[PDB]
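[1] Enclosed are the sequence and the experimentally obtained structure.
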There are 2 protein chains.
Amino acid sequence: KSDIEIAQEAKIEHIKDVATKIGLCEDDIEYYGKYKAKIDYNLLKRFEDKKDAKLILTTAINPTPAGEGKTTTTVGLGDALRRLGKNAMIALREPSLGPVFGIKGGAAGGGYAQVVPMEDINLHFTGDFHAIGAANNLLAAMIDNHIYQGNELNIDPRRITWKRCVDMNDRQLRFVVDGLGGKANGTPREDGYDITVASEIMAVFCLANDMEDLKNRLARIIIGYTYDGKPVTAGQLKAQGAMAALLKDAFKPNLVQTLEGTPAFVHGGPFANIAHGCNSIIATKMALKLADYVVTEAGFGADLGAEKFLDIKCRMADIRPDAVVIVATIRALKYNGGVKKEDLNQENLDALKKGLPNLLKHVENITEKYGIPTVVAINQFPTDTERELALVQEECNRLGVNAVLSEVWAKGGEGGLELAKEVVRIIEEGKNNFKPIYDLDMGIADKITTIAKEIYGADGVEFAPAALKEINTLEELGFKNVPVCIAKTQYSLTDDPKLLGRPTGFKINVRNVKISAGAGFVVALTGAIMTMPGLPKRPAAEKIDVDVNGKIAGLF
Amino acid sequence: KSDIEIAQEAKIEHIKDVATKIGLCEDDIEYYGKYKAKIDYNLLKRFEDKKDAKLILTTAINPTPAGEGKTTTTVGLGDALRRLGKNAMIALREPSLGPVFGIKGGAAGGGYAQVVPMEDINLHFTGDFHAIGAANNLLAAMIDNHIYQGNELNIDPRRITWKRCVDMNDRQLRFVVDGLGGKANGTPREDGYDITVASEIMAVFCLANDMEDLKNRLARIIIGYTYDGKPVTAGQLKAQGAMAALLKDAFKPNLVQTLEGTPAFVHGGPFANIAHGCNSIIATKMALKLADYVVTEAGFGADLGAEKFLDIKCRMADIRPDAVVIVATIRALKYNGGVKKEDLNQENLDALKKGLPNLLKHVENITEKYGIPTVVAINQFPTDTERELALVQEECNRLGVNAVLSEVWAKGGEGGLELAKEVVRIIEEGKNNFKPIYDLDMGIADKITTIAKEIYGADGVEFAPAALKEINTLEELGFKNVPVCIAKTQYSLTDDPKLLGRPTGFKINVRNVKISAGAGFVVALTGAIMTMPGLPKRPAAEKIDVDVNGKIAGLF
Ligand SMILES: [K+]
Ligand SMILES: [K+]
Ligand SMILES: [K+]
Ligand SMILES: [K+]
């Protein structure tokens, strides 16, 4: 009935047998128990000529309180594809350790569309996030040590942008002063902690093509500035070698499985606002060699995660999407029309009509702006009536797109058969003219404007004076030709979370612009950003427990 | 040939095949690749009424700038016992991650007496220290959250004794102020970081009998005090279940091997000054059920590690040592006699006899105070003369103990055959009257006095006023009947590191006394303690590197 019940009651295959389904020898894998394995990244060099699998991006409409979660569809579509005899696998992100102790934690997907072992994935898993945190904190220690030991690079300690990290929900570490207790114990400065997944190490980890590229990106990281305002890099500190060493094992993608034994890579986990919201390039590229179909996803709605998957990841990974699945629900669209959280169980075509343009804007963006075959996945809910479901299908058909019902949550891979059938159809029959919505040689401001106008539907962008200054400085430093990562709210196409549906007559306000040199993109900031979540009054930690066997209870 | 070259060239068995030597099937072990495995701690409870293996404690004379073992002897002796057809295994500590990036990694042992894989052990290994850190930092976050959300327990944030941690040599975190940035972001307070291995979680982890005992020790931890001076525990914050959950897999002992395939547990790693300097109780007790002989060790010289192994660990684990090996070198003895670091290669029987009393005191302690069969191990060195060796043997025999030559560094197991014979002999023939040198009934000050008097050969102890008040306070809080852990210099029997040989007519100055309630012992402080070491001018990290293939270089 519950997710954990279904997970712990399911009969699961040994990971070797899962690895066999994607043509991996037992010399290619390293066991972490019977149900987890790391796959060596060096084998990707052997498949240099094999040609990529069909790539299916699961995205969604702007998230709402009604549902939803697109991962059940990602898992389900992978399960359904294998039930139709296709050699398919999936690539997901790994979840952060911190929130599990705040707000319980949950399944990668849910119902009969999950990945397992759930307990391991929601704790240490294979240790990647620890390795990522250790790299981040080595760099922090080496920055301060260099200053402490003489400061030949002339780093202004007040201008260190690099932050420490920990994978806990600890608001107490948001703003600190460290290096206190006299000259024997450091150099006093203002500092702060991000949760590990927010570190630039994570974005670099997830965007590296190979171990060589990983080290190059690490060296490229800008940790701060000199007294005269010159960037100082991790390479100047000779830190990249040691950081790569700490990430040697972690960089190997993790093989797990769905409930129905579909191979699954769970690897990496950056944010979808201040970063790109996708799982590792190494895992995606490796999955594209070892299978015939690959279903992956990007965080939040298609205005953020998909936009960044297509305009950042695809171009850095040199991969091309063959299909997009835009997940949605009737309830969510009624919410976009004006219906209150409590009143969503009642039929309302007029609200559905008013809030449906949110989906249509997304469907329009993928088909018309990006030029990719698209299908809409409607997750079934008891409340839904035929009239409601028909209007969605009707409006999607006006854009030349099918809206298929999905019951992957209740019925697993069977519930995704019709979706899977349609996905295969649009791959074979649908026209694909994919290209990123902007060219790399465009100016940073123009790129931010392009995404704002083309994807969000804005009249334009209002840059603050500080933003304009920062852009000029970044272009002066030689970063004009990198992609753009806009940090804004997920709940609306605009930068105002209240404006639901398909807002018009609006502009985006960019307050600041900051480079992530390792990641290789510029972050454009709109509102306030949370990089370190806190715990609630009654943390879920209080009800987590162990004893005989262990047997960890209270996680879910 | 360097240590890393020996380890890299050695032909090593599959851990399955190592495990079978101590009666373990694949269903008992949990792989971490081909060469590492975790063994379930619950396995111990079905060997309930099996008789314990022969327990051998490897210890040493006081450390010197020269060298002396100690681990090489522990590893080589295990190898030697197996060569004699005995079912022997070893238990060692895991090294901290931080120091590796400052002053390079080191072999678990040395020469031809190593434990492998060396690289993995000097990095993340099986992830235990990350888990231990996560538990520590979860508790920190829960303390601050509780205060932040209302502080029903009435914790005075200025009297929080619990510290955050990280496994990096970062002096910048020794003294901090956190909780800044206004009321949305915490409560301002003074704070600090320990290196992870100094966390009390490490001591609790290492002293827990089982999961039930682990959870009870965790809940028992005092994290600070209320505004009216009452202790506040992790139990009251309801964090023990969550911390236990983080430590579930970590608490399972790690199985690895020596170069000659001798089974080896590597588990836990606390300091030998502010803690007891032994590997985990769970690994030792579990080794005692799976083998016929178990060789283990404690940090620093017998005045520290052995004292704490015998007076703290043994009583808590309910184990009895059968033999003790005191490792020593001629050069180290001559250094105790006043010879300089540079002039040790020349023969000097005058200095040898002058510094021999250090060894004689340790031999006297183990044989007369503790009443355990003892053998002295002399690690061979080319410059040692026959007359020097003869003097040491004569003096040892004067106290009814043999000094056996050990060549385990150069010759491996073969070099320790003669030691193993003598170890087997003193077990069967030697009179064993083992008892700790103090009963738990005794008061805290008397317990401290007894150790100084008996083990260090002190005239007594000068307790500072603060120490006297702290001892009384603790006894009133109900901590009178707990063991005592004296933090002092390792280089001398006294608290003055300059005083070599066998000093007489001295007293130990105890400035403070602090409780580790989870660990279940009291810490007596003499001098200054470093719980967070710094990086040097040119960190080893600078020469650590990875190539295109992911091969790590420069770690050693
Ligand atoms: K995790
Ligand atoms: K800063
Ligand atoms: K380690
Ligand atoms: K404090």
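    Right, received. Where do you want to start? Numbers count the residues shown, from 1 in each chain, chains lettered A, B, ... in the order given. Ligands and ions are numbered 1, 2, ... in the order given.
[2] residue in the stretch 301-450 of chain A nearest to ligand 1?
    Closest to ligand 1 within the stretch 301-450 of chain A is residue A:305: 19.6 Å, counting by CB to the ion. Bear in mind the C-beta positions are built from the backbone N, C-alpha and C, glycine included.
[3] what pairs with the residue nearest to that residue when sequence neighbours are not counted across the strands?
    Leaving aside its sequence neighbours, residue A:305 sits nearest to residue A:298 (CB to CB, 6 or more residues apart in numbering or on different chains; 2.9 Å). Beta-bridge pairing of residue A:298 under DSSP bridges involves residue A:278.
[4] Count the residues that sit near residue A:298.
    For residue A:298, the neighbour count with other CB atoms under 10 Å in any protein chain shown is 26.
[5] Surely it is in contact with residue A:272?
    Yes: Residue A:298 lies in contact with residue A:272 (CB atoms under 8 Å); the separation is 6.6 Å.
[6] which residues are common contacts for these two?
    Common contact partners of residue A:298 and residue A:272 (CB atoms under 8 Å, 6 or more residues apart in numbering or on different chains): A:304-305, A:308.
[7] which ones are touching the residue of the stretch 201-350 of chain A found nearest ligand 3?
    For the stretch 201-350 of chain A and ligand 3, the shortest gap (CB to the ion) falls at residue A:246, measuring 11.3 Å. By CB under 8 Å, 6+ apart, the contact list for residue A:246 reads A:131, A:134-135, A:138, B:123-124.
[8] and with 10 Å instead?
    Residues in contact with residue A:246 (CB atoms under 10 Å, 6 or more residues apart in numbering or on different chains) are A:130-138, A:201, B:97, B:100-101, B:123-124, B:541, B:544, B:546, B:552.
[9] What about ligand 3: which of those residues touch it?
    Counting by CB under 5 Å from the ion, residue B:97 from these sit close to ligand 3.
[10] Show me the contacts of residue A:246 that map onto strands.
    Using DSSP state E, the members of these that fall in strands are B:546, B:552.
[11] just checking, which of the contacts of residue A:246 belong to helices?
    In this view, the contacts of residue A:246 that belong to helices under DSSP state H are A:130-138, A:201, B:100-101.
[12] TSV for the shared contacts of residue A:298 and residue A:272, including secondary structure?
    As requested, the shared contacts of residue A:298 and residue A:272 are exported to TSV (DSSP: H, G, I helix; E, B strand; the rest coil):
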residue	secondary structure
A:304	helix
A:305	helix
A:308	helix
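[13] Show me just the buried residues among those.
    Listed as buried from the shared contacts of residue A:298 and residue A:272 are A:304-305, A:308; burial here means 16 or more other CB atoms under 10 Å in any protein chain shown.
[14] From ligand 1, how far off is residue A:275?
    According to CB to the ion, to the nearest Å, residue A:275 stands 17 Å off from ligand 1.
[15] Not counting sequence-adjacent ones, nearest residue to that residue?
    residue A:203 (4.7 Å).
[16] Doesn't that neighbour lie inside a helix?
    Yes: counting by three-state DSSP, residue A:203 falls inside a helix.
[17] My understanding was that it contacts residue A:220; is that so?
    No: applying CB atoms under 10 Å as the test, residue A:203 and residue A:220 come out as separate, 11.8 Å apart.
[18] Compare these two (neighbour count), which wins?
    Neighbours were tallied for residue A:203 and for residue A:220 using other CB under 10 Å; the higher tally belongs to residue A:203 (27 against 17).
[19] Contacts only, for that one.
    A:197, A:217, A:268, A:270-271, A:274-276, A:278, A:312, A:485, A:516, A:518-521, A:523.
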